[PDB]
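Colleague: Got an experimental structure here, sequence first:
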Amino acid sequence: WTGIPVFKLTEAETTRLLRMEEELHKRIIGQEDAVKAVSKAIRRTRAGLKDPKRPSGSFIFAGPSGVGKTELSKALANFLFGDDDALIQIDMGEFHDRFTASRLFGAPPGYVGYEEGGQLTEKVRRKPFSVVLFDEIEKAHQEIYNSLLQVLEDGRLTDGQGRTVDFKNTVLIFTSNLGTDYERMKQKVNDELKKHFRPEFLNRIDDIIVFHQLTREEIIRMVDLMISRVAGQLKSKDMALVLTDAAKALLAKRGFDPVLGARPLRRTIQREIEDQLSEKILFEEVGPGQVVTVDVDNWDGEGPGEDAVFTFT
Amino acid sequence: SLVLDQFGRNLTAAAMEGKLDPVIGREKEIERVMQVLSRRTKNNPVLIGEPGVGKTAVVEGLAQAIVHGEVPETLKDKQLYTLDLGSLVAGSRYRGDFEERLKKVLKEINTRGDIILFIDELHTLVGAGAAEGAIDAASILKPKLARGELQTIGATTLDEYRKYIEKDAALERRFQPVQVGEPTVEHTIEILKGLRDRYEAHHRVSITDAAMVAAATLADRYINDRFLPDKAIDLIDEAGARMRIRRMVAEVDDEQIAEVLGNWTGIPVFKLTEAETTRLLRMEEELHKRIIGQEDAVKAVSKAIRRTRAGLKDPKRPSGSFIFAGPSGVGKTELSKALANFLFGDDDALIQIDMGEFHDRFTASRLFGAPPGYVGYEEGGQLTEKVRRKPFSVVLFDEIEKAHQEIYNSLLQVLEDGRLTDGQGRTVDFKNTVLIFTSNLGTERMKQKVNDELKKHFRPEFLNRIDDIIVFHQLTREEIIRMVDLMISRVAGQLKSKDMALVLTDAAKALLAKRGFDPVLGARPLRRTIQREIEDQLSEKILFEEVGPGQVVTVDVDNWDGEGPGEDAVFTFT
Amino acid sequence: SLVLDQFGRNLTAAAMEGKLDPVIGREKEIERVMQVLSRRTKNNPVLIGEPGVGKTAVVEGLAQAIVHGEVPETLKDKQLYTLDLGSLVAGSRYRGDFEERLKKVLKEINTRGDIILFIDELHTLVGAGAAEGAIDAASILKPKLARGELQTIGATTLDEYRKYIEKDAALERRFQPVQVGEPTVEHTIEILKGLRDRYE
Ligand SMILES: Nc1ncnc2c1ncn2[C@@H]1O[C@H](COP(=O)(O)OP(=O)(O)O)[C@@H](O)[C@H]1O
Ligand SMILES: Nc1ncnc2c1ncn2[C@@H]1O[C@H](COP(=O)(O)OP(=O)(O)O)[C@@H](O)[C@H]1O
Ligand SMILES: Nc1ncnc2c1ncn2[C@@H]1O[C@H](COP(=O)(O)OP(=O)(O)O)[C@@H](O)[C@H]1O
Ligand SMILES: Nc1ncnc2c1ncn2[C@@H]1O[C@H](COP(=O)(O)OP(=O)(O)O)[C@@H](O)[C@H]1O
């Protein structure tokens, strides 16, 4: 009826629940603490040992830019529901105007758009079990958090129409960017969160998670992850892509930076792999029925490699 | 059976001749309706769903299951009748007529005992003979539905359930929701493979498996206002209609589906033609017809559009996101205008938004509209509506420095996820647009200065979300000579409309270039030089009737050696 | 035709005597309209455009094409009737009269089968007669429009499409948009050369 997975735990489901850290790390390379906390929350919810009044979980993800904060929420939604559109993504970048908070709950009676109702409330009512992600919460004013103070503590939200919406079964994930070697970064982020947000709002959340920076090993694994997308894209055109280990190491070499996140690696793959591959595809250098073995020429693998060339066969 | 035929239609007898389309992949939802209809009291299911997910298809599949014999004993040999409330209301001038018709219908159902009733658009039940506060269809059906003597299957949209049914909490009580969710891509492919025979027979065409895979994938990916499997079936049906029109055995492949999608949405999803391929490989030159110099920026935009047109673009991100940062007059707006001219043929298709108007915190609501309960809520946003008009467009943000940070923080979601939500609640997709941000900031040393200024005036999130940051370089003498040539060419093109031709010697162009160079150039100066020394003197002469229409004018120079400053040189219009 | 004449106007018979202006350069839009009208399910096109760009002009050109017989075999010898929704709701004074007239019109269309409806201001279907005890024309037409047993061509402004039809997604599903854009300068000159004979 309600779509809430309250059943007897089958053996396959139980084994998948014990292994959810591995299944989340299938997509999220690194970020062990956040995956751990999300795993404990979901196991607590599915064990039946959960406080009925409070929601299933309430986290705030903080740290540098491009370290999987939205990716972890998307991966959690992909685990729970099987596809990423089931994630209720409501973004606080649209709420710089204090007047826009009505979009969360609705217009009061006697005003235009009263019959339609809110955006968050109706989407939560349609799917009582969902992962609700508030992106970039630092950007909205402190008024919008006052509407969420009730759902963080008692799991109820009153819309304009007067009906009560239950947030008891939803996982609420905030993603902020305050603050931006690990321990001082964690302390700075926690102090920034204390300064920016009221303590009465930071007490109602289950966990404050600081995302660690990306280093060489997780960036060289992300090389594999984000070239898998291009490989799957080429599989639709009767084409296959393979990288030599030199290609993987060179892509990881030009895409690693600690003062930024994971996006320069995507730019390196877009400019060094996808652009020349697109040029070769349109010039019919390689087409359907052929594989592309991308290699590195004029390089040794140890130096920085300012002059290595990507070769396509 | 003599009463229910007038006010309804027999769905089981419709499935007797196979007039109902086959229903594929709805085993769970049909079984849910079966196991709700088998209750003791209040055995009424309502198929709550989205427009075009197969809510009526579930009922037709149940009718096909009934006529086949797969059903259990409680639903065996049960005729399924869809009720036309408009046929009940019609012709009832007197209250006795309408209520007596409805009670004859109920009496026939209760007498025969083997009619399941189907109400498509159940929200028409709340007020049929009168308002919600009097005797109508709902007020007569409620006592029967509550005690469970009448088996009624409602069908209702999610929004119509929220709006009309949910206000009447009595009918909400008497119907259990059965969510008919949106089928996935593989489910849509299986559904399309189910409906090959009917469309092949009607269209007299042949449809391939790759055609249906492409139809489902493209309908899921590109169309963003409808729900599967309706849009994939729309593409298949319209391609079949195209083939039937074109012949008077056909073959429908992925190319016809892509062409139908291109007609529908304007997104150029096509198998690339030879002429268009040779255009795209050399389109740096076709850009360089207008834009002069700036090889890095032209090359970057060329790579982005080439990646987009060859199917190597990330489906969750826009086609490209660019920061054209540099000094004024270099051509930051001109490259975007030339790109719009290349992509669409006209410069008015460039969705241009000036950020000078967004210089105060209140104007951020212009882009995505007003929240509910405020003025301007119905009209919606200015940018979201413009992009919803055409999914494939070049969106320019002019003089990006003038705006305040709230617009940037609103457009971060556009830059990364390729989506924008208006105050109306709709989601508009920017995944097919080319987003350009022009900036005049920081003015190899220019690269560092511009990068540092953009670091200072922006948050790291906005600079991470941007694909390419291109610092436009200053103009040089050769390309400003080419600039002068281009301005003279356009002035001559304007002049041919008045039956006149214009030409300059090399000396006049060289003098214009010598009087038009400094580190602030472009057309902000040296178009004033054309406006002062060429255009204005020509206007004075034509208005004086000298060198009038019909005579070619040759602009020469006097009192100049061709090397000196030329401050004493005079333009002569022979 | 005894009942549909009282509520609509024939455009094929109008093009028989040439009371419709010639249509120049709209071969693509007319081809797209004949494309959508040739489908099996959801064969209802809606001409979406700016006010004054020729929405009714496209349909008049379609009627001229039908009477000239250059249309395909699926649209050969089919009468294009515009439906005057004001005249449908005109003499009712009651509650069951409008639904009776609409049902009778649909019965005549189904028993003839060679009639294509045309609705100026398609957005007027929602609330096309809505009393305390009445069901509007949209809910009557939707079961026929969904399966494809009724072929209707709508004409709608972009603002009217956004404000009204987009607010009713069930009705918006049944209609395939056909975007009639503003003609270019050369297209306008061609249209002017076409209409020059009539204006002289
Ligand atoms: N640990 C990770 N594993 C896989 N991908 C990652 C990881 N961290 C970041 N990414 C990449 O970063 C992008 C998401 O970054 P995001 O979490 O949205 O950063 P922010 O929230 O600061 O904008 C995704 O495209 C993803 O590919
Ligand atoms: N399982 C299925 N098998 C075959 N066709 C389907 C299936 N589901 C949906 N369709 C097609 O999609 C359309 C569904 O329309 P429907 O969702 O009933 O409209 P509404 O939402 O207005 O009730 C029908 O035309 C039907 O042909
Ligand atoms: N490289 C170029 N190619 C063609 N026209 C140019 C070029 N550079 C400048 N222009 C001229 O400059 C004008 C646009 O300058 P623009 O770059 O928009 O100024 P700003 O840098 O202040 O935005 C146009 O009218 C165009 O004629
Ligand atoms: N292709 C064409 N040939 C001739 N006239 C045209 C053409 N397109 C538009 N028109 C003119 O446009 C007008 C039709 O505008 P119309 O679309 O009916 O307005 P609205 O959209 O407000 O209903 C007519 O006067 C007609 O003369």
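Modeller: On my side now, so go ahead. Numbers count the residues shown, from 1 in each chain, chains lettered A, B, ... in the order given. Ligands and ions are numbered 1, 2, ... in the order given.

Colleague: Quick check: closest non-adjacent residue to the residue of the stretch 201-350 of chain B found nearest ligand 1.
Modeller: Using Cβ to the nearest ligand atom, the closest approach of the stretch 201-350 of chain B to ligand 1 is made by residue B:316 at 8.1 Å. Heads up, the C-betas are built off the backbone N, CA and C, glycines and all. Closest residue to residue B:316 apart from its sequence neighbours, by Cβ to Cβ, 6 or more residues apart in numbering or on different chains: residue B:418 at 6.0 Å.

Colleague: Tell me how far that neighbour lies from residue A:241.
Modeller: Note on residue B:418: its distance to residue A:241, by Cβ to Cβ, to the nearest Å, is 24 Å.

Colleague: number of nearby residues for residue 180?
Modeller: By default, I'm working from chain A. By the measure other Cβ atoms under 10 Å in any protein chain shown, the count of residues near residue A:180 is 20.

Colleague: that's the wrong chain, I meant chain B
Modeller: Per other Cβ under 10 Å, the neighbour tally for residue B:180 reads 23.

Colleague: That one and residue C:1, how far apart?
Modeller: 41 Å.

Colleague: for residue A:100, same thing?
Modeller: Taking Cβ to Cβ, one finds residue A:100 at 56 Å from residue C:1.

Colleague: Residue B:502 too?
Modeller: 65 Å.

Colleague: Likewise for residue B:283?
Modeller: Counting by Cβ to Cβ, the gap from residue B:283 to residue C:1 is 57 Å.

Colleague: ok, back up a step: Provide a list of residues in contact with the residue nearest to residue B:316.
Modeller: B:316-318, B:429-431 (Cβ atoms under 8 Å, 6 or more residues apart in numbering or on different chains).

Colleague: try it again with 10 Å
Modeller: B:314-319, B:321, B:428-433, B:435 (Cβ atoms under 10 Å, 6 or more residues apart in numbering or on different chains).

Colleague: Near ligand 1, which residues of chain A are found?
Modeller: A:28-31, A:65-71, A:175, A:177, A:222, A:225-226, A:262 (Cβ under 6 Å from any ligand atom).

Colleague: cool, chain B as well?
Modeller: Counting by Cβ under 6 Å from any ligand atom, chain B sits next to ligand 1 at residue B:461.

Colleague: Go ahead and flag the most central residue of chain B.
Modeller: residue B:391 (3.6 Å; Cα atoms, centre = their mean).

Colleague: ok, now which ones touch that one?
Modeller: Here residue B:391 is in contact with B:222-225, B:265-267, B:428-433 (Cβ under 10 Å, 6+ apart).

Colleague: Let me have those residues in JSON lines, extended by neighbour count, distance to residue A:142 and secondary structure.
Modeller: Compiled in JSON lines, those are given as follows (neighbours: other Cβ atoms under 10 Å in any protein chain shown; distance: Cβ to Cβ, whole Å; DSSP: H, G, I helix; E, B strand; the rest coil):
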{"residue": "B:222", "neighbour count": "21", "distance to residue A:142": "40", "secondary structure": "coil"}
{"residue": "B:223", "neighbour count": "21", "distance to residue A:142": "39", "secondary structure": "coil"}
{"residue": "B:224", "neighbour count": "17", "distance to residue A:142": "34", "secondary structure": "coil"}
{"residue": "B:225", "neighbour count": "17", "distance to residue A:142": "35", "secondary structure": "coil"}
{"residue": "B:265", "neighbour count": "20", "distance to residue A:142": "41", "secondary structure": "helix"}
{"residue": "B:266", "neighbour count": "16", "distance to residue A:142": "42", "secondary structure": "coil"}
{"residue": "B:267", "neighbour count": "18", "distance to residue A:142": "41", "secondary structure": "coil"}
{"residue": "B:428", "neighbour count": "25", "distance to residue A:142": "28", "secondary structure": "strand"}
{"residue": "B:429", "neighbour count": "20", "distance to residue A:142": "31", "secondary structure": "strand"}
{"residue": "B:430", "neighbour count": "25", "distance to residue A:142": "29", "secondary structure": "coil"}
{"residue": "B:431", "neighbour count": "20", "distance to residue A:142": "33", "secondary structure": "coil"}
{"residue": "B:432", "neighbour count": "24", "distance to residue A:142": "36", "secondary structure": "coil"}
{"residue": "B:433", "neighbour count": "22", "distance to residue A:142": "33", "secondary structure": "coil"}
